[PDB]
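> Quick one: the structure is below, questions incoming.
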Amino acid sequence: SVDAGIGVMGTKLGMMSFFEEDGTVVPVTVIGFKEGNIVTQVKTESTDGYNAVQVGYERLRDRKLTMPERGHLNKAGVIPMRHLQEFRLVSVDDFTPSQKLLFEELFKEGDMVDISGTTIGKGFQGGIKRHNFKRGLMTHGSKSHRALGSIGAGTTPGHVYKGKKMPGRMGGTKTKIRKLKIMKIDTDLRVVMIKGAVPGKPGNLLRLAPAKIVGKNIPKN
Amino acid sequence: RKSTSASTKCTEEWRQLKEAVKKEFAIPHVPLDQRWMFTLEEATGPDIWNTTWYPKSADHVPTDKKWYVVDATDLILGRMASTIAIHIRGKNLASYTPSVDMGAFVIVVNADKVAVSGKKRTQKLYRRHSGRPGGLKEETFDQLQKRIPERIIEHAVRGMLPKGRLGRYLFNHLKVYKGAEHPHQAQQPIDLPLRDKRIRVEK
Amino acid sequence: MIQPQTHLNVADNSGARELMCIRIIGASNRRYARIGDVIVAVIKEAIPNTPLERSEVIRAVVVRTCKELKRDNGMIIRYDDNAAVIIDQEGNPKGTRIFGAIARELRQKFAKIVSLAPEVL
Amino acid sequence: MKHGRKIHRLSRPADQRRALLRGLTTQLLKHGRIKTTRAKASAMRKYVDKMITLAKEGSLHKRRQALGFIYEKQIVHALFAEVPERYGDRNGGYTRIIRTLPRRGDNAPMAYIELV
Amino acid sequence: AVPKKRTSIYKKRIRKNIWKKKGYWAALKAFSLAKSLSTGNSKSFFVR
RNA sequence: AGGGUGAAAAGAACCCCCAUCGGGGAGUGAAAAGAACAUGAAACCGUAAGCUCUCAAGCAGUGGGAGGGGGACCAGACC
RNA sequence: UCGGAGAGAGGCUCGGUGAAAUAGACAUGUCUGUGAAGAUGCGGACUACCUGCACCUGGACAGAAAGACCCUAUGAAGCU
RNA sequence: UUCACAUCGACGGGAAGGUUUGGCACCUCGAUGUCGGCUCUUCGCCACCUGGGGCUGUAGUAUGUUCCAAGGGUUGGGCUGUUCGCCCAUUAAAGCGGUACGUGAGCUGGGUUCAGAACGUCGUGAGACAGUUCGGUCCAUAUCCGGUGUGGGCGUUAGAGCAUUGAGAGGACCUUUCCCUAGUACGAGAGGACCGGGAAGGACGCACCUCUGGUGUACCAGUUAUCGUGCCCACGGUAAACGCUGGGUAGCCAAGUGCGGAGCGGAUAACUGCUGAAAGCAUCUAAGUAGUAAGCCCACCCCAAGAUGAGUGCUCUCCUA
RNA sequence: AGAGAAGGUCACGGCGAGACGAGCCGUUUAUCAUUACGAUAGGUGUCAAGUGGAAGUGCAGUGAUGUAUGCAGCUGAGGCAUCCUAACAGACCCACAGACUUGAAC
Ligand SMILES: [Mg+2]
Ligand SMILES: [Mg+2]
Ligand SMILES: [Mg+2]
Ligand SMILES: [Mg+2]
Ligand SMILES: [Mg+2]
Ligand SMILES: [Mg+2]
Ligand SMILES: [Mg+2]
Ligand SMILES: [Mg+2]
Ligand SMILES: [Mg+2]
Ligand SMILES: [Mg+2]
Ligand SMILES: [Mg+2]
Ligand SMILES: [Mg+2]
Ligand SMILES: [Mg+2]
Ligand SMILES: [Mg+2]
Ligand SMILES: [Mg+2]
Ligand SMILES: [Mg+2]
Ligand SMILES: [Mg+2]
Ligand SMILES: [Mg+2]
Ligand SMILES: [Mg+2]
Ligand SMILES: [Mg+2]
Ligand SMILES: [Mg+2]
Ligand SMILES: [Mg+2]
Ligand SMILES: [Mg+2]
Ligand SMILES: [Mg+2]
Ligand SMILES: [Mg+2]
Ligand SMILES: [Mg+2]
Ligand SMILES: [Mg+2]
Ligand SMILES: [Mg+2]
Ligand SMILES: [Mg+2]
Ligand SMILES: [Mg+2]
Ligand SMILES: [Mg+2]
Ligand SMILES: [Mg+2]
Ligand SMILES: [Mg+2]
Ligand SMILES: [Mg+2]
Ligand SMILES: [Mg+2]
Ligand SMILES: [Mg+2]
Ligand SMILES: [Mg+2]
Ligand SMILES: [Mg+2]
Ligand SMILES: [Mg+2]
Ligand SMILES: [Mg+2]
Ligand SMILES: [Mg+2]
Ligand SMILES: [Mg+2]
Ligand SMILES: [Mg+2]
Ligand SMILES: [Mg+2]
Ligand SMILES: [Mg+2]
Ligand SMILES: [Mg+2]
Ligand SMILES: [Mg+2]
Ligand SMILES: [Mg+2]
Ligand SMILES: [Mg+2]
Ligand SMILES: [Mg+2]
Ligand SMILES: [Mg+2]
Ligand SMILES: [Mg+2]
Ligand SMILES: [Mg+2]
Ligand SMILES: [Mg+2]
Ligand SMILES: [Mg+2]
Ligand SMILES: [Mg+2]
Ligand SMILES: [Mg+2]
Ligand SMILES: [Mg+2]
Ligand SMILES: [Mg+2]
Ligand SMILES: [Mg+2]
Ligand SMILES: [Mg+2]
Ligand SMILES: [Mg+2]
Ligand SMILES: [Mg+2]
Ligand SMILES: [Mg+2]
Ligand SMILES: [Mg+2]
Ligand SMILES: [Mg+2]
Ligand SMILES: [Mg+2]
Ligand SMILES: [Mg+2]
Ligand SMILES: [Mg+2]
Ligand SMILES: [Mg+2]
Ligand SMILES: [Mg+2]
Ligand SMILES: [Mg+2]
Ligand SMILES: [Mg+2]
Ligand SMILES: [Mg+2]
Ligand SMILES: [Mg+2]
Ligand SMILES: [Mg+2]
Ligand SMILES: [Mg+2]
Ligand SMILES: [Mg+2]
Ligand SMILES: [Mg+2]
Ligand SMILES: [Mg+2]
Ligand SMILES: [Mg+2]
Ligand SMILES: [Mg+2]
Ligand SMILES: [Mg+2]
Ligand SMILES: [Mg+2]
Ligand SMILES: [Mg+2]
Ligand SMILES: [Mg+2]
Ligand SMILES: [Mg+2]
Ligand SMILES: [Mg+2]
Ligand SMILES: [Mg+2]
Ligand SMILES: [Mg+2]
Ligand SMILES: [Mg+2]
Ligand SMILES: [Mg+2]
Ligand SMILES: [Mg+2]
Ligand SMILES: [Mg+2]
Ligand SMILES: [Mg+2]
Ligand SMILES: [Mg+2]
Ligand SMILES: [Mg+2]
Ligand SMILES: [Mg+2]
Ligand SMILES: [Mg+2]
Ligand SMILES: [Mg+2]
Ligand SMILES: [Mg+2]
Ligand SMILES: [Mg+2]
Ligand SMILES: [Mg+2]
Ligand SMILES: [Mg+2]
Ligand SMILES: [Mg+2]
């Protein structure tokens, strides 16, 4: 999954409504930022086998960090940071450890982004909620209701299939949301407003990249 | 933490004593190289002449094994893989035993240049199955050889090795590389003998 | 949110008092008539001695819902009843004069119908 | 699930849980310290404090509010008497919770809630 | 649903050992707790 | 349905743990045989010591036996 | 349609007490072939670290004994 | 019309399948049981629609027939115990089969017409009926396999914390109307395009709570009966697990809001092709190569080194006697 | 053998994480003086928000009731402040410079 362009990380602050001059109301997510988005490490095809750049995000007290990690960020000469992440480019010449990213440079207005985040955990969920199973009859004689159904065929094959859909734990995962739009950037509050919903509740941690378009931003294969 | 308390000290000391006395009285190992019928010591031992010889642990020790290299360029897949299997299994040593690994290591290089007769390049079919229904996947030989060409020879030799514990443990002695180069130069590989006539194809 | 078996008030002269929707058209397999969709209804109750007999299959466009229409102003509209207007396959209303309010959301596909309106919303 | 449902259920239905909490507070304000189960204590914090904050203002209105919570009048009047004196400078935080050895019968974790 | 067979001596011995391992973690909590109350410095804890 | 402490109750004083039961000494006794007491098989429940299992497919054994351990006197054997 | 949320009693965890039907022995994969003609156990391939827990019920021709249906018996009884 | 082979194809023949009605009695009789719906799959291709083609008695639109193609789709009702089938209104189309009626230790109707009763009919009669009719009990705490999730142990050759490569595995790559092209080709007219652009929809998937709401036994307000707080006032309890109503934040949720389905990437099936021999002619094929499919494979989206083949990268730590 | 490496588990305060384990965040709560990083939960103060005009005392009315004081009163699962309470006391696991061979370098 080679990624087009450097991304940045941010924090979901919650959603509000935002007008346009002509009275079109757009619901927008407001994505805040914190001190960070500092290039931590750079990986050369020679050295690592591939081309990538590790940006750290959330700053932090030095105590809370572990000695291996602190010693990772003193090799860089950067401030202590909670979350590290990698972006995979096809060319890294522009980047030095300790270099800083600004989201005002990378993202203009009306540009397309891709928001990766972690989803709301809904816990252990039934067949209905998890796979949209139609529920069986509520009344005439029927004892089933929200139950799973039959789970397989008869004597043959005589075992349930792999991956046959069943109740299990739902949510709480890395999820991409493709091709969103950027409505407004506030330099004052350093915030980015985005049309639509992004995963997870406020206080979340997001990763925004310039949108991969399978024809035109990416290696053909 | 390794205790240097007099207790553990004492224990290791004693154990080296036991090991000493057990090494003194036991029969010496005489490796099989121009090894004559018997040493004046074995002659006091158990009967190894009128019973079938079976290898002891000093023999098959992994460090000793021959290494071999097959240039797979213009070789024919199957006919080569047989020879490879023979040598890996050990079937060419007088000391062969089914229950043990007496075999070699084999290094196969230039694994994309391997040659195959007939229309096979476009026909022979490597299938593997997920384990879900409709989990079947098929490759033509050639898609495979463009994508990860080592799998071809690995998969052709694995077929001719025994199956089961000694089989799998054997298969780890087959070291395959797509390039003309291998990083084993330290092991000093000899070249692999081929007594087969038809094994070498010419165009 | 008109769906099959729903009853509807007729908004024009055409001589039906009430419709029962049996289908939704052009929406492919959607089950919801919302404002400005063509539904196939039948006539339950009629106004006597009029060109329209009860138990007729006819086309109508849905002009009023109890569900809520959202324009882009963030503006929202909710009526107190369901109503549709009986039409041709040409987009022209069979009956010639319409009651009640309508919306500017119908101006695109139906000119006639927005023309005859006593009020526009 | 519950996301951000914050209430203490105490494994009882609404009515009972209310009455239980009222009871436990008239107990704490009568005796000044008591022994309960960890959950009951933690749940009871809020209502203890509601009562104290109530008494700090002293209005007839507030006094009728407290009267309609605590069961025993006498404890209420004494509350409105003592509190300005004892707690006047304390902004919040009127209760200490000190845990103990668990119970013998069920091994339910115990606790000591103190009026501090 | 019933047990078509009877459970083999050794497998049962493993399942019951698992259930006995919980005693081990409770023994660690117990030990740590005694070593706490044995310095008399805890104001969060009380014993009579 | 529920029999067999010992020849004799000599049925265990005294101290210790100690709310009782139960126990450990001492004392009785040829023997503790200690009262749920005589020989006390198997299932079944364990504890300790020797070898050994976490890439594995198997009516569980058998023929071959790597490596490790044990009691020997025909130490080339047996377990 | 087309499901949604909530309250109780269970379910779940911890402490106390503590069953049952079942059970040749079980070190108990999938496909396909074979076979008393639908195999964890036979063959060939394929896939599989060891072991819990919560859930689900496709298999084990799952479990609860004579098959009510059909036939047999020079059986049994009731009735005409 | 001429013309057997566009489309039919009589008289006959040669097959495959194992879905109909059957023959057999190898099978199980103890508690291995038939047809429809619900839920939930899955696979076949003899293709109903969607993708590409050849032929036409193909002007165009629309067909007909056939080739490759099973990735995706295949509605809602009135009627039946039903397989079958009929109709209503749609629709791109409303495919046919297999899986023990696929699915009864998942659910439910009939069926094994069990015992009551009645009708027709047969029988002197008790009773009978591959006649009809009304009524009529199936249980279940999952041992193992199989599955969906979620841990521990141990391995990964000193011990760790981070960050990742991606073998393998999955999810999703769907489809309809309308508008430009152009009332242009085509046709005497009536009709009316291929190709390539653009919008709106459907179904499905992934998220979400700003709006519109649902609930919201956290709360707020009215209000009946009644018993408490000495009595008025004002509050408290009860009217199961809200006494009854009217509102509701946070949450969860859809009918609400966003987003998604991209590929002048690779290789093929049918087919159309170029150079061109064996047969000094010809021929898409034998050498070699060109286009080209909703198919196949990469790319997209999650997972993923128990990938024991246990990967690479950065950093940290190994004291004292 | 003493000690307790890096780290882990536990304990303790929690959650937009959760059946349990797991996950994640905290654990003396800074200093500042020019950024951010040292408030986890509860309480308290204030704010968004909800409900819809408290009680008491006045006036009007024969009275039920209305009206003023007053965007009142209650609530505030959400934000922001503030260490007032509880994050006390602590415990356990854990530290053979990494067997053996061969080349290359020096
Ligand atoms: Mg959650
Ligand atoms: Mg349904
Ligand atoms: Mg029910
Ligand atoms: Mg009629
Ligand atoms: Mg007028
Ligand atoms: Mg009540
Ligand atoms: Mg009650
Ligand atoms: Mg509060
Ligand atoms: Mg005694
Ligand atoms: Mg006593
Ligand atoms: Mg005693
Ligand atoms: Mg004695
Ligand atoms: Mg004596
Ligand atoms: Mg005895
Ligand atoms: Mg393996
Ligand atoms: Mg092993
Ligand atoms: Mg095994
Ligand atoms: Mg629910
Ligand atoms: Mg509930
Ligand atoms: Mg009960
Ligand atoms: Mg229990
Ligand atoms: Mg029993
Ligand atoms: Mg096994
Ligand atoms: Mg057969
Ligand atoms: Mg079979
Ligand atoms: Mg088998
Ligand atoms: Mg076997
Ligand atoms: Mg089952
Ligand atoms: Mg069940
Ligand atoms: Mg099976
Ligand atoms: Mg069996
Ligand atoms: Mg006879
Ligand atoms: Mg007879
Ligand atoms: Mg012919
Ligand atoms: Mg027979
Ligand atoms: Mg059975
Ligand atoms: Mg076909
Ligand atoms: Mg077609
Ligand atoms: Mg055609
Ligand atoms: Mg024509
Ligand atoms: Mg298809
Ligand atoms: Mg398919
Ligand atoms: Mg299909
Ligand atoms: Mg239908
Ligand atoms: Mg149509
Ligand atoms: Mg079409
Ligand atoms: Mg089917
Ligand atoms: Mg069916
Ligand atoms: Mg079943
Ligand atoms: Mg019936
Ligand atoms: Mg008669
Ligand atoms: Mg008859
Ligand atoms: Mg009845
Ligand atoms: Mg189990
Ligand atoms: Mg399992
Ligand atoms: Mg696991
Ligand atoms: Mg694990
Ligand atoms: Mg390790
Ligand atoms: Mg480890
Ligand atoms: Mg971290
Ligand atoms: Mg990754
Ligand atoms: Mg891949
Ligand atoms: Mg695997
Ligand atoms: Mg794939
Ligand atoms: Mg595609
Ligand atoms: Mg023209
Ligand atoms: Mg087009
Ligand atoms: Mg679309
Ligand atoms: Mg909302
Ligand atoms: Mg909100
Ligand atoms: Mg409501
Ligand atoms: Mg709400
Ligand atoms: Mg009274
Ligand atoms: Mg009263
Ligand atoms: Mg009341
Ligand atoms: Mg009462
Ligand atoms: Mg009552
Ligand atoms: Mg009620
Ligand atoms: Mg209400
Ligand atoms: Mg939507
Ligand atoms: Mg191509
Ligand atoms: Mg081609
Ligand atoms: Mg041609
Ligand atoms: Mg020529
Ligand atoms: Mg030509
Ligand atoms: Mg060719
Ligand atoms: Mg394609
Ligand atoms: Mg497409
Ligand atoms: Mg690793
Ligand atoms: Mg290895
Ligand atoms: Mg290696
Ligand atoms: Mg340490
Ligand atoms: Mg905790
Ligand atoms: Mg943990
Ligand atoms: Mg501490
Ligand atoms: Mg706080
Ligand atoms: Mg807080
Ligand atoms: Mg007032
Ligand atoms: Mg009130
Ligand atoms: Mg007056
Ligand atoms: Mg307000
Ligand atoms: Mg401060
Ligand atoms: Mg303190
Ligand atoms: Mg070394
Ligand atoms: Mg050495």
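Identifiers for the structure tokens are assigned positionally: chains receive A, B, ... in sequence, residues are indexed from 1 per chain, and ligands are indexed from 1 in the order shown.
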Mind listing the residues within 9 Å of ligand 65, only C-alpha atoms (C1' of nucleotides) and all ligand atoms counted, as a list in words?
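The residues near ligand 65 are residues 173, 261, 262, 263 and 300 of chain H.
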> Can you tell me which residues surround residue 91 of chain D at a distance of at most 9 Å, considering only C-alpha atoms (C1' of nucleotides), apart from same-chain residues fewer than 2 positions away, and format the answer as a list in words?
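Answer for this query is residues 87, 88, 89, 93 and 94 of chain D; 43, 44, 45 and 84 of chain I.
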> Give me, as an MDAnalysis selection string, the set of residues whose atoms come within 12 Å of any atom of ligand 67, counting only C-alpha atoms (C1' of nucleotides) and all ligand atoms.
chainID H and resid 179:181 194:198
> I'd like the contact shell of residue 60 of chain A - 9 Å cut-off, only C-alpha atoms (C1' of nucleotides), skipping same-chain residues fewer than 2 positions apart - returned as a PyMOL selection string.
(chain A and resi 58+62-65+79-82) or (chain I and resi 37)
> Using N, CA, C and O atoms (P, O5', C5', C4', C3', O3' and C1' of nucleotides), can you export the residues from the last selection as a PDB file, in the first residue's frame?

```pdb
ATOM      1  N   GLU A  58       1.873  13.004  18.841  1.00  0.00           N
ATOM      2  CA  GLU A  58       1.460  13.667  20.066  1.00  0.00           C
ATOM      3  C   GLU A  58       2.602  13.861  21.057  1.00  0.00           C
ATOM      4  O   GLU A  58       3.236  12.887  21.459  1.00  0.00           O
ATOM      5  N   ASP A  62       8.397  13.218  29.479  1.00  0.00           N
ATOM      6  CA  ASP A  62       9.498  12.303  29.200  1.00  0.00           C
ATOM      7  C   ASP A  62       9.463  11.052  30.062  1.00  0.00           C
ATOM      8  O   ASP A  62       9.895   9.983  29.629  1.00  0.00           O
ATOM      9  N   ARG A  63       8.964  11.203  31.290  1.00  0.00           N
ATOM     10  CA  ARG A  63       8.785  10.080  32.210  1.00  0.00           C
ATOM     11  C   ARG A  63       7.948   8.975  31.569  1.00  0.00           C
ATOM     12  O   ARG A  63       8.362   7.820  31.529  1.00  0.00           O
ATOM     13  N   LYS A  64       6.781   9.341  31.054  1.00  0.00           N
ATOM     14  CA  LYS A  64       5.832   8.372  30.533  1.00  0.00           C
ATOM     15  C   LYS A  64       6.373   7.536  29.390  1.00  0.00           C
ATOM     16  O   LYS A  64       5.906   6.425  29.145  1.00  0.00           O
ATOM     17  N   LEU A  65       7.346   8.067  28.676  1.00  0.00           N
ATOM     18  CA  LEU A  65       7.953   7.300  27.612  1.00  0.00           C
ATOM     19  C   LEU A  65       8.868   6.206  28.154  1.00  0.00           C
ATOM     20  O   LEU A  65       9.405   6.342  29.250  1.00  0.00           O
ATOM     21  N   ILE A  79      11.413  16.225  20.157  1.00  0.00           N
ATOM     22  CA  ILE A  79      10.745  16.168  21.453  1.00  0.00           C
ATOM     23  C   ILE A  79      10.010  14.845  21.625  1.00  0.00           C
ATOM     24  O   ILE A  79       9.576  14.248  20.640  1.00  0.00           O
ATOM     25  N   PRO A  80       9.862  14.385  22.882  1.00  0.00           N
ATOM     26  CA  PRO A  80       9.149  13.148  23.244  1.00  0.00           C
ATOM     27  C   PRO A  80       7.748  13.052  22.639  1.00  0.00           C
ATOM     28  O   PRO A  80       6.977  14.002  22.756  1.00  0.00           O
ATOM     29  N   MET A  81       7.420  11.921  22.017  1.00  0.00           N
ATOM     30  CA  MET A  81       6.154  11.816  21.301  1.00  0.00           C
ATOM     31  C   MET A  81       5.429  10.486  21.415  1.00  0.00           C
ATOM     32  O   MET A  81       6.020   9.420  21.246  1.00  0.00           O
ATOM     33  N   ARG A  82       4.132  10.574  21.694  1.00  0.00           N
ATOM     34  CA  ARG A  82       3.302   9.407  21.925  1.00  0.00           C
ATOM     35  C   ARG A  82       3.164   8.449  20.748  1.00  0.00           C
ATOM     36  O   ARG A  82       3.585   7.301  20.844  1.00  0.00           O
TER      37      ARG A  82
ATOM     38  P     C I  37      -0.647  20.979  26.538  1.00  0.00           P
ATOM     39  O5'   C I  37       0.264  20.913  27.851  1.00  0.00           O
ATOM     40  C5'   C I  37       0.578  19.682  28.490  1.00  0.00           C
ATOM     41  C4'   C I  37       1.496  18.866  27.629  1.00  0.00           C
ATOM     42  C3'   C I  37       2.176  17.669  28.252  1.00  0.00           C
ATOM     43  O3'   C I  37       1.292  16.566  28.282  1.00  0.00           O
ATOM     44  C1'   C I  37       3.650  18.846  26.785  1.00  0.00           C
TER      45        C I  37
END
```
> Counting only C-alpha atoms (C1' of nucleotides) and all ligand atoms, which protein, DNA or RNA residues come within 8 Å of ligand 93, given as a PyMOL selection string?
chain I and resi 12-14
> Please identify the residues whose atoms come within 9 Å of ligand 54, using only C-alpha atoms (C1' of nucleotides) and all ligand atoms, and report them as a ChimeraX atom specification.
/H:142-144
> Suppose we keep C-alpha atoms (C1' of nucleotides); can you now write the selection as a PDB file, in the first residue's frame?

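Output file result.pdb is given in full below:
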```pdb
ATOM      1  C1'   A H 142     -22.528 -28.489  23.607  1.00  0.00           C
ATOM      2  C1'   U H 143     -18.317 -33.793  25.469  1.00  0.00           C
ATOM      3  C1'   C H 144     -15.432 -33.913  20.644  1.00  0.00           C
TER       4        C H 144
END
```
> Residues contacting ligand 4 - anything with an atom at most 9 Å away, using only C-alpha atoms (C1' of nucleotides) and all ligand atoms - can you give me those as a ChimeraX atom specification?
/C:54-56
> Could you list, as a PyMOL selection string, all the residues within 8 Å of ligand 58, counting only C-alpha atoms (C1' of nucleotides) and all ligand atoms?
chain H and resi 155-156+159
> Using only C-alpha atoms (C1' of nucleotides), determine which residues lie at most 7 Å from residue 25 of chain D, disregarding the query and same-chain residues fewer than 4 positions distant; provide the list as a VMD selection string.
chain D and resid 21 29 48 70
> Using only C-alpha atoms, please write the residues we just selected to a file, as a tab-separated table (two decimals), in the first residue's frame.

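Writing the result to out07.tsv gives the following:
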```tsv
chain	number	residue	atom	x	y	z
D	21	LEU	CA	-29.03	5.63	48.62
D	29	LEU	CA	-25.05	11.76	58.62
D	48	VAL	CA	-23.59	12.81	50.42
D	70	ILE	CA	-33.00	12.29	53.98
```
> Nearest residue to chain B out of I:2, I:105, I:21, I:96, using only C-alpha atoms (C1' of nucleotides)?
I:96
> Show me which bits of chain F are within 12 Å of chain E, counting only C-alpha atoms (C1' of nucleotides), as a PDB file with N, CA and C atoms (P, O5', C5', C4', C3', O3' and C1' of nucleotides), in the first residue's frame.

```
ATOM      1  P     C F  44      -9.078 -45.843  36.592  1.00  0.00           P
ATOM      2  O5'   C F  44      -9.502 -44.666  37.565  1.00  0.00           O
ATOM      3  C5'   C F  44     -10.835 -44.192  37.588  1.00  0.00           C
ATOM      4  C4'   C F  44     -11.156 -43.613  38.929  1.00  0.00           C
ATOM      5  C3'   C F  44     -10.153 -42.616  39.460  1.00  0.00           C
ATOM      6  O3'   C F  44     -10.187 -41.342  38.853  1.00  0.00           O
ATOM      7  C1'   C F  44     -10.629 -44.142  41.156  1.00  0.00           C
ATOM      8  P     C F  45      -8.789 -40.608  38.558  1.00  0.00           P
ATOM      9  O5'   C F  45      -8.455 -39.834  39.912  1.00  0.00           O
ATOM     10  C5'   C F  45      -9.455 -39.092  40.598  1.00  0.00           C
ATOM     11  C4'   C F  45      -8.998 -38.662  41.973  1.00  0.00           C
ATOM     12  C3'   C F  45      -7.587 -38.111  42.060  1.00  0.00           C
ATOM     13  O3'   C F  45      -7.460 -36.773  41.612  1.00  0.00           O
ATOM     14  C1'   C F  45      -7.865 -39.704  43.747  1.00  0.00           C
ATOM     15  P     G F  46      -6.403 -36.429  40.447  1.00  0.00           P
ATOM     16  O5'   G F  46      -5.243 -35.635  41.205  1.00  0.00           O
ATOM     17  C5'   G F  46      -3.999 -36.255  41.503  1.00  0.00           C
ATOM     18  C4'   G F  46      -3.739 -36.331  42.990  1.00  0.00           C
ATOM     19  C3'   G F  46      -2.294 -36.093  43.412  1.00  0.00           C
ATOM     20  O3'   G F  46      -1.963 -34.717  43.550  1.00  0.00           O
ATOM     21  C1'   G F  46      -3.098 -38.083  44.429  1.00  0.00           C
TER      22        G F  46
END
```
> Show me which residues sit within 9 Å of ligand 25 when counting only C-alpha atoms (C1' of nucleotides) and all ligand atoms, and put them as a PyMOL selection string.
chain G and resi 32-35+38-39
> Export, as a PDB file, in the first residue's frame, the selected residues with N, CA and C atoms (P, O5', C5', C4', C3', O3' and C1' of nucleotides).

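Full text of selection_5.pdb as output:
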```pdb
ATOM      1  P     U G  32     -15.463 -33.207  -1.464  1.00  0.00           P
ATOM      2  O5'   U G  32     -14.691 -34.361  -2.258  1.00  0.00           O
ATOM      3  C5'   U G  32     -14.029 -34.098  -3.485  1.00  0.00           C
ATOM      4  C4'   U G  32     -12.952 -35.111  -3.783  1.00  0.00           C
ATOM      5  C3'   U G  32     -13.369 -36.569  -3.867  1.00  0.00           C
ATOM      6  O3'   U G  32     -13.981 -36.916  -5.095  1.00  0.00           O
ATOM      7  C1'   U G  32     -11.403 -36.394  -2.590  1.00  0.00           C
ATOM      8  P     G G  33     -14.958 -38.196  -5.194  1.00  0.00           P
ATOM      9  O5'   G G  33     -14.010 -39.439  -4.895  1.00  0.00           O
ATOM     10  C5'   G G  33     -13.238 -40.005  -5.939  1.00  0.00           C
ATOM     11  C4'   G G  33     -12.333 -41.098  -5.443  1.00  0.00           C
ATOM     12  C3'   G G  33     -12.988 -42.362  -4.903  1.00  0.00           C
ATOM     13  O3'   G G  33     -13.446 -43.257  -5.920  1.00  0.00           O
ATOM     14  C1'   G G  33     -11.229 -41.693  -3.477  1.00  0.00           C
ATOM     15  P     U G  34     -14.708 -44.248  -5.677  1.00  0.00           P
ATOM     16  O5'   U G  34     -14.167 -45.341  -4.658  1.00  0.00           O
ATOM     17  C5'   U G  34     -13.025 -46.119  -4.959  1.00  0.00           C
ATOM     18  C4'   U G  34     -12.501 -46.789  -3.727  1.00  0.00           C
ATOM     19  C3'   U G  34     -13.487 -47.674  -3.004  1.00  0.00           C
ATOM     20  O3'   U G  34     -13.621 -48.954  -3.607  1.00  0.00           O
ATOM     21  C1'   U G  34     -12.399 -46.281  -1.452  1.00  0.00           C
ATOM     22  P     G G  35     -15.079 -49.584  -3.891  1.00  0.00           P
ATOM     23  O5'   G G  35     -15.517 -50.160  -2.475  1.00  0.00           O
ATOM     24  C5'   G G  35     -14.646 -51.016  -1.744  1.00  0.00           C
ATOM     25  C4'   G G  35     -14.952 -51.002  -0.262  1.00  0.00           C
ATOM     26  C3'   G G  35     -16.420 -51.090   0.110  1.00  0.00           C
ATOM     27  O3'   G G  35     -16.916 -52.414   0.040  1.00  0.00           O
ATOM     28  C1'   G G  35     -15.415 -49.361   1.349  1.00  0.00           C
ATOM     29  P     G G  38     -22.850 -44.330  -0.703  1.00  0.00           P
ATOM     30  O5'   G G  38     -21.600 -44.251   0.283  1.00  0.00           O
ATOM     31  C5'   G G  38     -21.758 -43.944   1.670  1.00  0.00           C
ATOM     32  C4'   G G  38     -21.337 -42.526   1.983  1.00  0.00           C
ATOM     33  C3'   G G  38     -20.932 -42.270   3.443  1.00  0.00           C
ATOM     34  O3'   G G  38     -19.891 -41.282   3.539  1.00  0.00           O
ATOM     35  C1'   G G  38     -22.829 -40.953   2.887  1.00  0.00           C
ATOM     36  P     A G  39     -18.396 -41.712   3.964  1.00  0.00           P
ATOM     37  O5'   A G  39     -18.025 -40.860   5.258  1.00  0.00           O
ATOM     38  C5'   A G  39     -18.385 -41.315   6.559  1.00  0.00           C
ATOM     39  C4'   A G  39     -17.203 -41.528   7.489  1.00  0.00           C
ATOM     40  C3'   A G  39     -16.110 -40.448   7.517  1.00  0.00           C
ATOM     41  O3'   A G  39     -15.594 -40.313   8.859  1.00  0.00           O
ATOM     42  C1'   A G  39     -15.147 -42.536   7.029  1.00  0.00           C
TER      43        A G  39
END
```
> Please give the complete set of residues from chain D that DSSP, run on the backbone, assigns to helix (DSSP H, G or I), formatted as an NGL selection string.
:D and (14-31 or 38-57 or 60-67 or 73-87)
> Residues of chain D within 10 Å of chain E, counting only C-alpha atoms - could you list those as JSON, numbers by chain?
{"D": [96, 97, 98, 99, 100, 101, 111, 112]}
> Counting only C-alpha atoms (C1' of nucleotides), which residues from chain H have an atom at most 12 Å from any atom of chain E, and could you show them as JSON, numbers by chain?
{"H": [105, 139, 140, 141, 142, 143, 144, 145, 152, 153]}
